[PDB]
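Enquirer: Sharing a structure below in structure tokens format, with a few things to ask.
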Amino acid sequence: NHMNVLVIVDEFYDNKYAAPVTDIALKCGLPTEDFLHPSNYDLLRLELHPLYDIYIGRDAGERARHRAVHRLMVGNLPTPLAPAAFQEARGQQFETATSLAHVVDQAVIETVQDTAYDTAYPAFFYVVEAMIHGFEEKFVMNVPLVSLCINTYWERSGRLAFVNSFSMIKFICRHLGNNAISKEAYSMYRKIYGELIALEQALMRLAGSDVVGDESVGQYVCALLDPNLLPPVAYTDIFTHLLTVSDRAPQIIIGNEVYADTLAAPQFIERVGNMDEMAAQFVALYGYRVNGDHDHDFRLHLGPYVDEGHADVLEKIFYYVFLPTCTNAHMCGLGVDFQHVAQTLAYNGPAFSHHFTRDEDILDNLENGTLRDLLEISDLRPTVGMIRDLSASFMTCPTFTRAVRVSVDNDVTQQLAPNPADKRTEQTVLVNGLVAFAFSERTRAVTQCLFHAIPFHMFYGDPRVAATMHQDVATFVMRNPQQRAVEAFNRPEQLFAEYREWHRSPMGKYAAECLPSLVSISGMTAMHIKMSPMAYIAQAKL
Amino acid sequence: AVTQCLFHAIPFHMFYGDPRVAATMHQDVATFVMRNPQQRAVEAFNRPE
Amino acid sequence: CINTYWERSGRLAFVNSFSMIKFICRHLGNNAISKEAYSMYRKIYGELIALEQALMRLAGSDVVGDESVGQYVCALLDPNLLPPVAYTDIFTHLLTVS
Amino acid sequence: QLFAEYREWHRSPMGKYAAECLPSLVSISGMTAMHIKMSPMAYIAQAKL
Amino acid sequence: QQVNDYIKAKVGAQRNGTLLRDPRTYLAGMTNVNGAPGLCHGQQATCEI
Amino acid sequence: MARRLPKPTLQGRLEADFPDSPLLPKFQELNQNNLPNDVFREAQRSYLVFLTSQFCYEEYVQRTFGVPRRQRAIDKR
Amino acid sequence: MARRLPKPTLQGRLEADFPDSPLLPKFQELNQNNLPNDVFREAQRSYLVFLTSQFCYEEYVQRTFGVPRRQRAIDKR
Amino acid sequence: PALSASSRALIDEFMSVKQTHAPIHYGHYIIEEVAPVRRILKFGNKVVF
Amino acid sequence: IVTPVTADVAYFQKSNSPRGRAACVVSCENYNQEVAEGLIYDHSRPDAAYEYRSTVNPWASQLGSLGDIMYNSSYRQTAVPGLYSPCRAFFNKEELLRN
Amino acid sequence: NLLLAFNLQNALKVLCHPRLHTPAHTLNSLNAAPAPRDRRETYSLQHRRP
């Protein structure tokens, strides 16, 4: 009922004890030799079909009745009946069929991977990322700041910054290329963007020119091309755009009430202007924080949707294939208390004083404060003018983070089922929050107020990362060290349900043990085919 | 955007009439391409007769 | 200490003790130390994680009672085994949980 | 008073191995596997893998 | 008593043990065999380790 | 509903006592009718951040105009 | 029986001879009643070390504060 | 079982040397058919009974 | 018959049941169905053929698996009895008990 | 003519039993038997607390 994610995340791990584990989590942990031995019959008895995952409910109210939920992709198959080496070998079959040529070099992957493992990764670049939140206008006001960020982080150590979100990776590629950042660092960014584009030709190439109706059949072959799947991190209003183009009924749950009607757009969703028009409303928005109740809001603030045009495939490819491969799926969902952040930048002593010149070293005059401490550990020294450009974005920046859950029916090829809720696949989307590499212990001293940990996705929920971010989680994993694996991890029911998700536990397991090398990149891609009667037809030709 | 005042697309040859290039140059070719994703294969792209 | 010993001879200091190896990773991530010498302490500490995660695959997902079986599988995972050097009160933490 | 070899966790052959082992990564894992407890709980786990 | 039941269940000694003890065995002192409904190859030759 | 992240550590009453600025007079309009002074101080701290953003946003827009060419005519002549 | 390592090399009577410093009044309060010469000298050495460490810790604590914004503004004036 | 092979190459060796042909390659397999009727396979003009 | 990719090749070089278990009922008692059924369908015990494995593919042996649904005369009722089924003999539960 | 694998999982039925994991019987035969070896382990048997 309460929109607040702080209460949702805290109360789930607050005082925790024995934590159960799902069955699909257990089946992926046993080898074929062990799976078939008649000492694992409990696991074996349930399984009778390749496509449909089946579970037994509680005995409440009646004799429990079995429920079958379709496994959307090949990668959802149990490991003891499809080992990782098989999907890796099957994926290498996909590269040679569609004539895919990888733009990325292995040197860049290790460069991306090495950033994912740094506790030394600075927390200031983490703050900048949040205040832009994917707006071209907001980003351009701070290009002189971010160029300092990449410049000093790439030259201090040969590992690049701002790879956490796809939006920043996109603008840095589009912008700052000519001289803002060092040439060695910039070419790394191009290849990552380039790699996504190369893959898109492959998946597109796999689907035959031919179409069922007016629409193309790429929607039925691959999960990635299928637009009803959404990227976890949303900063623009994708949902309303989702309701227009979806043939399958689309239901959006916003807290207690979910609206599946386009006409409902005014009440649930709001718009954020280009910061030229909202100028008149600058004062109106501020009073909404102080005298407005943010709990029980049941509204969602997002910029107006912009049609980049690749069907949003490129962002999904980045989040579901590239990042979990290079970082071994070590990343977490993170939300921000924005007004707590601006109070650090604006209520700073030096920024406030008129006498201080626009160009100066802030750390010379910074008073003991959270901002000073953050800078020392991030070891980056910015001018006085830069902070004011960040403080500028306070007028637009959203109040609080929110999680949003989507409900979408399967294709007609996958809809035959006895139960109405079984035809309907679920997914969770983070609004106005960014993903997270591991935090340093020193980092989580003054940064604790600013950010908290949310386990939005299997790829993006990790006990390794979550424990650092949240104290409750760390004492949870400590008392039950078995939980350290991603499949065995427990997420609040309000946020994650392993059965009704596009990425099941078996897929998650592959990424964690999956190698950093490029061969695996094609592995995750080929794992995304749908196992549908028209998926077989596409596969047969190649 | 900067070159909008100065340059416009023309897909006229099999090698040249390229969808990735065309979408960037032309807004309407782009939005046509968004509706039908496959067209981006250079063999099947649709140039003006 | 570290910046001088690394450049005067191709070796790294304080590798004697774990606590120091831990601190130098959390702090000093700033350039304070030379760049090339820092990654050594990082890899020394990074390896300790991959060796523990690998042991978490040896012990399965199952549990005897409340506790995990990992205690019974490897000696390192046994909470009754203690490091040779104690600087804080690990002994009462041993009495409560054992 | 400091050391009684029989009533220890790490007996003599653990020392004999480290004294002669080469520094390479092969010896890193080789030391790790030498810690498995030789119990029925260990045999069940080693069988599965 | 907990670890003894974990072992006896991960090894299989209740549905695939040979002797099949139930109250007839301990209370009344009989020694019955397991089912083995069918035999494909013939008499089972026990292997001792 | 439950709680909020903890407040960041900042020096008390830094904005008014430490510095004198036009923003200070424009801020005096805010009053504390009902709140506890503890709360009032916290409430007061939030307002100036808003004021600074307005001041810094406007200073940014002035740079966005560019260089006046009419000006480049007179002095450079 | 008890035992300690041998004492390190130290120039005897550092305080009484070399400097004149604020620590002398606090040190001079230690007086020897029925103590031999070497034991009294060792006690004096240890007590001077203690006082020096006290002073150094207090210095560090006072240094750890930082710069006040009021004085920064007054200087920028 | 019926005679079957995963690749043309495996079959090519089976005909040439029946006795020494390897049943399983690194990635390919071949099954020799076993049945009451022994049919005569005459690929090329090399006969394998 | 749909089969896990990983099923051992050694199972396909010998004459065996196309399901994951052998189904001979001759070994079982002449006049008892439940124990006769226990050979065909019970996976708490390994099949007679191979002791170390309960079943090569669980998508055919199991009572309700994909193999069972497609070829049992029970469910295959709507289908017109026009054409011969090679797999009918091996999956049709009624025929297996006749022996 | 069936090939069969005899791996560790097959031998757990005898390898997990507590007959394997007890020293009671080995010590029983040794102490009942006549005089044992005449050499002797004096050093490092047990901790001596100071």
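Residue numbering restarts at 1 in every chain; chains get A, B, ... in the order shown in the structure tokens, and ligands count up from 1 in that same order.
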Neighbouring residues of residue A:47 were defined as those with any atom within 8 Å, considering only C-alpha atoms; residues of the same chain fewer than 3 positions away were excluded. Please report them as a PyMOL selection string.
Expert: (chain A and resi 43-44+53-54) or (chain I and resi 58-59+65)
Enquirer: Could you tell me which residues of chain D sit within 7 Å of chain C when counting only C-alpha atoms, and give me the result as a short mmCIF file (atom, residue, chain, number, x, y, z; two decimals) with N, CA and C atoms, in the first residue's frame?
Expert:
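This is the output file result-v4.cif:
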```cif
data_model
loop_
_atom_site.label_atom_id
_atom_site.label_comp_id
_atom_site.auth_asym_id
_atom_site.auth_seq_id
_atom_site.Cartn_x
_atom_site.Cartn_y
_atom_site.Cartn_z
N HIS D 35 41.76 -28.76 2.93
CA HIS D 35 41.06 -28.42 4.16
C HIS D 35 39.73 -29.13 4.33
N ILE D 36 39.34 -30.00 3.40
CA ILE D 36 38.03 -30.64 3.48
C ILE D 36 38.05 -31.72 4.55
N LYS D 37 36.94 -31.86 5.26
CA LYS D 37 36.97 -32.38 6.62
C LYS D 37 37.02 -33.90 6.72
N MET D 41 29.46 -35.80 5.73
CA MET D 41 28.98 -34.59 5.08
C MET D 41 29.91 -34.15 3.96
N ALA D 42 31.20 -34.46 4.09
CA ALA D 42 32.15 -34.12 3.04
C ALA D 42 32.03 -35.07 1.85
N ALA D 45 29.07 -34.15 -0.28
CA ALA D 45 29.29 -32.95 -1.08
C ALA D 45 30.28 -33.21 -2.20
#
```
Enquirer: Could you superpose chain G on chain F by least squares over every Cα, matched in sequence order, and send it back as a short mmCIF file (atom, residue, chain, number, x, y, z; two decimals) with N, CA, C and O atoms, in the first residue's frame?
Expert:
```
data_model
loop_
_atom_site.label_atom_id
_atom_site.label_comp_id
_atom_site.auth_asym_id
_atom_site.auth_seq_id
_atom_site.Cartn_x
_atom_site.Cartn_y
_atom_site.Cartn_z
N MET G 1 4.56 2.25 7.59
CA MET G 1 4.87 3.59 8.09
C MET G 1 5.94 4.25 7.24
O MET G 1 6.59 3.61 6.42
N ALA G 2 6.13 5.55 7.45
CA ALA G 2 7.11 6.30 6.68
C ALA G 2 8.50 6.09 7.26
O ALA G 2 8.68 5.56 8.36
N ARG G 3 9.50 6.53 6.50
CA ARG G 3 10.90 6.44 6.89
C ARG G 3 11.72 7.19 5.87
O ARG G 3 11.36 7.25 4.69
N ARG G 4 12.82 7.78 6.33
CA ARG G 4 13.80 8.38 5.45
C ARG G 4 15.19 8.00 5.93
O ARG G 4 15.38 7.52 7.05
N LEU G 5 16.17 8.20 5.06
CA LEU G 5 17.56 8.06 5.46
C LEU G 5 17.91 9.13 6.49
O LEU G 5 17.22 10.14 6.61
N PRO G 6 18.96 8.92 7.27
CA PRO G 6 19.40 9.96 8.20
C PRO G 6 19.98 11.16 7.47
O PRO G 6 20.57 11.03 6.39
N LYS G 7 19.81 12.33 8.07
CA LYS G 7 20.25 13.57 7.45
C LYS G 7 21.77 13.63 7.35
O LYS G 7 22.48 13.06 8.18
N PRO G 8 22.30 14.32 6.34
CA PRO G 8 23.75 14.44 6.20
C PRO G 8 24.32 15.44 7.19
O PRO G 8 23.61 16.18 7.86
N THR G 9 25.65 15.43 7.28
CA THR G 9 26.36 16.35 8.16
C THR G 9 26.38 17.74 7.54
O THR G 9 26.85 17.92 6.42
N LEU G 10 25.87 18.73 8.28
CA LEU G 10 25.86 20.11 7.82
C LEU G 10 26.07 21.04 9.01
O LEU G 10 25.44 20.85 10.05
N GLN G 11 26.94 22.03 8.84
CA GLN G 11 27.13 23.04 9.87
C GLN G 11 25.86 23.86 10.02
O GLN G 11 25.39 24.47 9.06
N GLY G 12 25.30 23.86 11.23
CA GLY G 12 24.04 24.54 11.45
C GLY G 12 24.17 26.05 11.31
O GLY G 12 25.20 26.64 11.61
N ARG G 13 23.09 26.67 10.83
CA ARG G 13 22.99 28.12 10.72
C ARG G 13 24.10 28.68 9.83
O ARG G 13 24.86 29.56 10.24
N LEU G 14 24.18 28.17 8.61
CA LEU G 14 25.15 28.70 7.66
C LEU G 14 24.81 30.12 7.27
O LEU G 14 25.67 31.01 7.30
N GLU G 15 23.55 30.36 6.91
CA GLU G 15 23.17 31.65 6.34
C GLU G 15 23.22 32.76 7.37
O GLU G 15 23.81 33.82 7.13
N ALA G 16 22.60 32.55 8.53
CA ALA G 16 22.48 33.63 9.50
C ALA G 16 23.84 34.04 10.05
O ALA G 16 24.00 35.18 10.51
N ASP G 17 24.82 33.14 10.03
CA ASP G 17 26.11 33.39 10.67
C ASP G 17 27.21 33.74 9.68
O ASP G 17 27.84 34.80 9.80
N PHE G 18 27.45 32.88 8.69
CA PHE G 18 28.65 33.04 7.87
C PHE G 18 28.55 34.24 6.93
O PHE G 18 29.34 35.18 7.08
N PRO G 19 27.62 34.28 5.96
CA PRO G 19 27.62 35.36 4.98
C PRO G 19 26.64 36.49 5.28
O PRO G 19 25.84 36.40 6.21
N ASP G 20 26.72 37.55 4.48
CA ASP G 20 25.61 38.48 4.31
C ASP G 20 25.43 38.74 2.82
O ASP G 20 26.32 39.32 2.19
N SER G 21 24.29 38.34 2.28
CA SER G 21 24.13 38.16 0.84
C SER G 21 22.73 38.61 0.45
O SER G 21 21.87 38.80 1.31
N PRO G 22 22.48 38.79 -0.86
CA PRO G 22 21.13 39.20 -1.29
C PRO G 22 20.03 38.20 -0.97
O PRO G 22 18.85 38.56 -1.10
N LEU G 23 20.35 36.96 -0.60
CA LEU G 23 19.31 35.97 -0.34
C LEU G 23 18.68 36.12 1.03
O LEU G 23 17.61 35.54 1.28
N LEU G 24 19.31 36.86 1.94
CA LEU G 24 18.76 37.02 3.28
C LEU G 24 17.37 37.64 3.30
O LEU G 24 16.54 37.17 4.10
N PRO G 25 17.07 38.70 2.54
CA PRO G 25 15.70 39.24 2.60
C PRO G 25 14.65 38.24 2.18
O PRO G 25 13.61 38.13 2.83
N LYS G 26 14.92 37.49 1.11
CA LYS G 26 13.95 36.50 0.66
C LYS G 26 13.83 35.35 1.65
O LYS G 26 12.74 34.80 1.83
N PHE G 27 14.92 34.99 2.31
CA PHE G 27 14.86 33.90 3.28
C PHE G 27 14.08 34.32 4.53
O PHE G 27 13.32 33.52 5.08
N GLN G 28 14.28 35.55 5.00
CA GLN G 28 13.71 35.96 6.28
C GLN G 28 12.19 35.99 6.28
O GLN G 28 11.59 36.14 7.35
N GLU G 29 11.55 35.88 5.12
CA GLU G 29 10.09 35.91 5.07
C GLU G 29 9.49 34.67 5.72
O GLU G 29 8.36 34.72 6.22
N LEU G 30 10.20 33.55 5.71
CA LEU G 30 9.73 32.34 6.36
C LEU G 30 9.73 32.54 7.87
O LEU G 30 10.78 32.77 8.48
N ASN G 31 8.55 32.43 8.49
CA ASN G 31 8.40 32.55 9.93
C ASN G 31 7.64 31.34 10.45
O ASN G 31 6.79 30.78 9.76
N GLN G 32 7.95 30.95 11.68
CA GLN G 32 7.45 29.71 12.25
C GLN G 32 6.30 29.99 13.20
O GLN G 32 6.48 30.69 14.21
N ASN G 33 5.13 29.45 12.89
CA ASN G 33 3.97 29.54 13.75
C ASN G 33 3.68 28.14 14.29
O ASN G 33 3.30 27.25 13.54
N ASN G 34 3.86 27.97 15.61
CA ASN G 34 3.63 26.70 16.29
C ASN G 34 4.51 25.59 15.69
O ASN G 34 4.05 24.49 15.41
N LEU G 35 5.79 25.91 15.51
CA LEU G 35 6.71 24.89 15.03
C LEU G 35 7.86 24.72 16.02
O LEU G 35 8.34 25.70 16.59
N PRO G 36 8.30 23.49 16.26
CA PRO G 36 9.43 23.27 17.16
C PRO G 36 10.74 23.71 16.53
O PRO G 36 10.83 23.99 15.33
N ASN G 37 11.77 23.75 17.37
CA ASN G 37 13.03 24.37 16.98
C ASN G 37 13.72 23.58 15.87
O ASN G 37 14.16 24.16 14.86
N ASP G 38 13.81 22.26 16.02
CA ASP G 38 14.51 21.45 15.03
C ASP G 38 13.78 21.45 13.69
O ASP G 38 14.40 21.52 12.63
N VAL G 39 12.45 21.39 13.73
CA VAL G 39 11.68 21.40 12.49
C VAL G 39 11.82 22.74 11.79
O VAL G 39 11.97 22.80 10.56
N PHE G 40 11.79 23.84 12.55
CA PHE G 40 11.96 25.15 11.92
C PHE G 40 13.35 25.28 11.31
O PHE G 40 13.51 25.84 10.22
N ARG G 41 14.37 24.75 11.98
CA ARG G 41 15.73 24.82 11.44
C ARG G 41 15.86 24.00 10.16
O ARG G 41 16.50 24.43 9.19
N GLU G 42 15.24 22.81 10.13
CA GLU G 42 15.26 21.99 8.92
C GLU G 42 14.54 22.70 7.77
O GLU G 42 15.01 22.67 6.62
N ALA G 43 13.41 23.33 8.06
CA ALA G 43 12.68 24.06 7.03
C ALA G 43 13.52 25.21 6.48
O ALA G 43 13.55 25.44 5.27
N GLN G 44 14.20 25.94 7.37
CA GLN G 44 15.06 27.04 6.94
C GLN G 44 16.19 26.54 6.06
O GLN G 44 16.53 27.17 5.05
N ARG G 45 16.81 25.43 6.45
CA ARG G 45 17.88 24.84 5.65
C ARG G 45 17.40 24.52 4.24
O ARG G 45 18.05 24.88 3.24
N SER G 46 16.25 23.85 4.15
CA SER G 46 15.72 23.48 2.84
C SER G 46 15.37 24.71 2.01
O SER G 46 15.59 24.73 0.80
N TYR G 47 14.81 25.74 2.65
CA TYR G 47 14.43 26.92 1.89
C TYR G 47 15.65 27.68 1.38
O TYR G 47 15.64 28.23 0.27
N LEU G 48 16.72 27.71 2.18
CA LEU G 48 17.94 28.33 1.70
C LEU G 48 18.51 27.56 0.51
O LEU G 48 19.00 28.17 -0.45
N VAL G 49 18.46 26.23 0.58
CA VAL G 49 18.92 25.41 -0.55
C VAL G 49 18.11 25.73 -1.80
O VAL G 49 18.65 25.86 -2.91
N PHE G 50 16.79 25.86 -1.64
CA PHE G 50 15.93 26.18 -2.77
C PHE G 50 16.30 27.52 -3.39
O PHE G 50 16.38 27.66 -4.62
N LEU G 51 16.51 28.54 -2.55
CA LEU G 51 16.85 29.87 -3.05
C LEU G 51 18.20 29.86 -3.76
O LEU G 51 18.37 30.52 -4.80
N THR G 52 19.17 29.12 -3.22
CA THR G 52 20.47 29.02 -3.86
C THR G 52 20.36 28.38 -5.23
O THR G 52 20.99 28.83 -6.20
N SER G 53 19.57 27.32 -5.34
CA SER G 53 19.40 26.66 -6.62
C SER G 53 18.69 27.57 -7.62
O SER G 53 19.03 27.58 -8.81
N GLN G 54 17.69 28.32 -7.16
CA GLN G 54 17.03 29.31 -8.00
C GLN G 54 18.03 30.29 -8.57
O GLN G 54 18.05 30.57 -9.78
N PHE G 55 18.87 30.85 -7.70
CA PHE G 55 19.86 31.83 -8.13
C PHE G 55 20.85 31.22 -9.11
O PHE G 55 21.23 31.85 -10.10
N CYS G 56 21.28 29.98 -8.86
CA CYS G 56 22.24 29.34 -9.74
C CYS G 56 21.65 29.07 -11.12
O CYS G 56 22.33 29.25 -12.14
N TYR G 57 20.39 28.65 -11.17
CA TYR G 57 19.75 28.43 -12.46
C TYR G 57 19.62 29.73 -13.24
O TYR G 57 19.86 29.76 -14.45
N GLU G 58 19.24 30.81 -12.55
CA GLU G 58 19.15 32.10 -13.24
C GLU G 58 20.51 32.56 -13.75
O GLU G 58 20.62 33.09 -14.86
N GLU G 59 21.56 32.34 -12.96
CA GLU G 59 22.91 32.69 -13.39
C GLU G 59 23.30 31.91 -14.64
O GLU G 59 23.85 32.47 -15.59
N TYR G 60 23.02 30.61 -14.65
CA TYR G 60 23.35 29.78 -15.81
C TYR G 60 22.59 30.25 -17.05
O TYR G 60 23.16 30.30 -18.15
N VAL G 61 21.31 30.57 -16.89
CA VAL G 61 20.52 31.01 -18.03
C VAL G 61 21.06 32.31 -18.59
O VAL G 61 21.14 32.50 -19.81
N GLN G 62 21.47 33.23 -17.71
CA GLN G 62 22.01 34.50 -18.18
C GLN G 62 23.37 34.31 -18.84
O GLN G 62 23.72 35.02 -19.79
N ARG G 63 24.16 33.35 -18.34
CA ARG G 63 25.47 33.09 -18.92
C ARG G 63 25.38 32.48 -20.31
O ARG G 63 26.21 32.76 -21.18
N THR G 64 24.37 31.63 -20.53
CA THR G 64 24.27 30.87 -21.78
C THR G 64 24.17 31.71 -23.05
O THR G 64 24.13 31.13 -24.14
N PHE G 65 24.11 33.04 -22.96
CA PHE G 65 23.78 33.83 -24.15
C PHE G 65 24.94 33.91 -25.14
O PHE G 65 24.81 33.52 -26.30
N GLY G 66 26.08 34.42 -24.70
CA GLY G 66 27.21 34.62 -25.58
C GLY G 66 27.60 36.08 -25.73
O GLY G 66 27.33 36.92 -24.87
N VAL G 67 28.24 36.38 -26.85
CA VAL G 67 28.85 37.68 -27.10
C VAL G 67 28.04 38.41 -28.17
O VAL G 67 27.69 37.79 -29.18
N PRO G 68 27.73 39.69 -28.00
CA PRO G 68 27.03 40.43 -29.05
C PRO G 68 27.99 41.02 -30.07
O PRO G 68 29.07 41.52 -29.74
N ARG G 69 27.58 40.95 -31.34
CA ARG G 69 28.43 41.47 -32.41
C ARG G 69 28.59 42.98 -32.32
O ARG G 69 29.64 43.51 -32.67
N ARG G 70 27.57 43.69 -31.82
CA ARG G 70 27.70 45.14 -31.67
C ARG G 70 28.82 45.49 -30.70
O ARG G 70 29.68 46.33 -31.00
N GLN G 71 28.85 44.83 -29.54
CA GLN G 71 29.92 45.09 -28.58
C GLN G 71 31.26 44.59 -29.09
O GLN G 71 32.29 45.22 -28.83
N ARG G 72 31.28 43.47 -29.82
CA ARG G 72 32.53 43.02 -30.42
C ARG G 72 33.11 44.08 -31.34
O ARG G 72 34.30 44.38 -31.30
N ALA G 73 32.26 44.66 -32.19
CA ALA G 73 32.70 45.72 -33.10
C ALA G 73 33.17 46.95 -32.32
O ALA G 73 34.21 47.54 -32.64
N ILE G 74 32.40 47.35 -31.30
CA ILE G 74 32.77 48.52 -30.50
C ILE G 74 34.12 48.30 -29.83
O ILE G 74 34.93 49.23 -29.73
N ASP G 75 34.40 47.08 -29.39
CA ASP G 75 35.69 46.79 -28.77
C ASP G 75 36.81 46.75 -29.80
O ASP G 75 37.91 47.25 -29.54
N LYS G 76 36.56 46.15 -30.97
CA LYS G 76 37.56 46.12 -32.02
C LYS G 76 37.88 47.51 -32.54
O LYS G 76 38.95 47.70 -33.14
N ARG G 77 36.98 48.47 -32.35
CA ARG G 77 37.23 49.86 -32.73
C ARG G 77 38.58 50.36 -32.23
O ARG G 77 39.05 49.96 -31.16
#
```
Enquirer: Could you make a table, as CSV, of the residues of chain C that have an atom within 12 Å of an atom of chain A, each with its nearest atom pair and distance in Å to one decimal, counting only C-alpha atoms, in chain and number order?
Expert:
```
residue,atom,partner,partner_atom,distance
C:22,CA,A:441,CA,10.5
C:23,CA,A:442,CA,9.5
C:24,CA,A:120,CA,10.7
C:25,CA,A:120,CA,7.8
C:26,CA,A:442,CA,5.9
C:27,CA,A:442,CA,6.9
C:28,CA,A:377,CA,8.1
C:29,CA,A:120,CA,5.2
C:30,CA,A:379,CA,5.4
C:31,CA,A:156,CA,7.0
C:32,CA,A:379,CA,9.2
C:33,CA,A:156,CA,11.0
C:34,CA,A:156,CA,9.5
C:35,CA,A:157,CA,6.7
C:36,CA,A:157,CA,8.7
C:37,CA,A:157,CA,11.4
C:38,CA,A:157,CA,9.9
C:39,CA,A:157,CA,9.4
C:41,CA,A:120,CA,12.0
C:42,CA,A:118,CA,8.5
C:43,CA,A:117,CA,10.4
C:45,CA,A:119,CA,11.1
C:46,CA,A:117,CA,8.5
C:47,CA,A:117,CA,11.6
C:49,CA,A:464,CA,10.1
C:50,CA,A:513,CA,11.3
C:52,CA,A:484,CA,10.4
C:53,CA,A:484,CA,8.0
C:54,CA,A:513,CA,10.2
C:55,CA,A:482,CA,10.6
C:56,CA,A:482,CA,7.0
C:57,CA,A:485,CA,8.3
C:58,CA,A:29,CA,10.6
C:59,CA,A:482,CA,8.2
C:60,CA,A:29,CA,7.8
C:61,CA,A:482,CA,6.1
C:62,CA,A:482,CA,8.2
C:63,CA,A:482,CA,8.6
C:64,CA,A:18,CA,11.7
C:65,CA,A:18,CA,9.4
C:66,CA,A:18,CA,6.3
C:67,CA,A:480,CA,7.0
C:68,CA,A:482,CA,6.4
C:69,CA,A:482,CA,8.9
C:70,CA,A:482,CA,8.1
C:71,CA,A:481,CA,10.2
C:77,CA,A:481,CA,9.8
C:78,CA,A:481,CA,11.7
C:79,CA,A:479,CA,11.3
C:97,CA,A:479,CA,10.2
```
Enquirer: Residue B:30: which residues within 12 Å, counting only C-alpha atoms, same-chain residues fewer than 4 positions away excluded, as a list in words?
Expert: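 Listing them by chain and then by number gives residues 307, 308, 309, 310 and 311 of chain A; 9, 18, 19, 20, 21, 22, 23, 24, 25, 26, 34, 35, 36, 37, 39, 40 and 45 of chain B.
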Enquirer: Next, write the just-selected residues to a file, as a compact mmCIF listing (two decimals), in the first residue's frame, keeping N, CA and C atoms as the atom set.
Expert:
```txt
# COMPACT_ATOMS: atom_id res chain seq x y z
N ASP A 307 11.38 9.12 -28.90
CA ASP A 307 11.49 7.91 -29.69
C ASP A 307 12.86 7.85 -30.34
N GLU A 308 13.81 7.17 -29.70
CA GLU A 308 15.13 7.04 -30.29
C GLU A 308 15.06 6.18 -31.55
N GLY A 309 14.25 5.13 -31.53
CA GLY A 309 13.86 4.46 -32.76
C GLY A 309 14.30 3.03 -32.92
N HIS A 310 15.30 2.58 -32.19
CA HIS A 310 15.75 1.21 -32.32
C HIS A 310 14.82 0.23 -31.64
N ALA A 311 13.63 0.69 -31.26
CA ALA A 311 12.59 -0.03 -30.54
C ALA A 311 12.96 -0.17 -29.07
N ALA B 9 18.94 13.45 -46.89
CA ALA B 9 19.29 12.11 -47.35
C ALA B 9 18.74 11.83 -48.74
N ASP B 18 21.33 2.95 -47.48
CA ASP B 18 21.52 2.13 -46.29
C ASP B 18 20.66 2.61 -45.13
N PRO B 19 19.88 1.70 -44.54
CA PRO B 19 18.93 2.03 -43.47
C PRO B 19 19.54 2.64 -42.21
N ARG B 20 20.67 2.15 -41.73
CA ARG B 20 21.24 2.74 -40.53
C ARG B 20 21.61 4.20 -40.80
N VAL B 21 22.23 4.44 -41.95
CA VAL B 21 22.60 5.79 -42.35
C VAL B 21 21.38 6.66 -42.62
N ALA B 22 20.38 6.07 -43.27
CA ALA B 22 19.15 6.77 -43.63
C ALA B 22 18.34 7.26 -42.44
N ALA B 23 18.24 6.45 -41.40
CA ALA B 23 17.48 6.84 -40.22
C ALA B 23 18.08 8.07 -39.57
N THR B 24 19.40 8.11 -39.49
CA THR B 24 20.11 9.24 -38.91
C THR B 24 19.92 10.52 -39.71
N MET B 25 19.92 10.39 -41.04
CA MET B 25 19.80 11.54 -41.92
C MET B 25 18.36 12.04 -41.99
N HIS B 26 17.40 11.13 -42.00
CA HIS B 26 16.01 11.45 -42.31
C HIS B 26 15.10 11.01 -41.17
N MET B 34 11.02 2.43 -37.69
CA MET B 34 10.64 2.04 -36.33
C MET B 34 9.47 1.07 -36.37
N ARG B 35 8.51 1.34 -37.25
CA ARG B 35 7.33 0.49 -37.39
C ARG B 35 7.66 -0.91 -37.91
N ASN B 36 8.54 -1.00 -38.91
CA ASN B 36 8.93 -2.30 -39.45
C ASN B 36 10.43 -2.46 -39.25
N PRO B 37 10.82 -3.19 -38.19
CA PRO B 37 12.21 -3.39 -37.77
C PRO B 37 13.10 -4.09 -38.78
N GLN B 39 13.10 -4.08 -42.07
CA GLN B 39 13.52 -3.30 -43.22
C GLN B 39 15.00 -2.96 -43.18
N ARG B 40 15.61 -2.91 -42.00
CA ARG B 40 16.97 -2.40 -41.90
C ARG B 40 17.98 -3.27 -42.64
N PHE B 45 15.48 -2.99 -47.94
CA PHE B 45 15.08 -1.61 -47.76
C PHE B 45 14.33 -1.11 -48.99
```
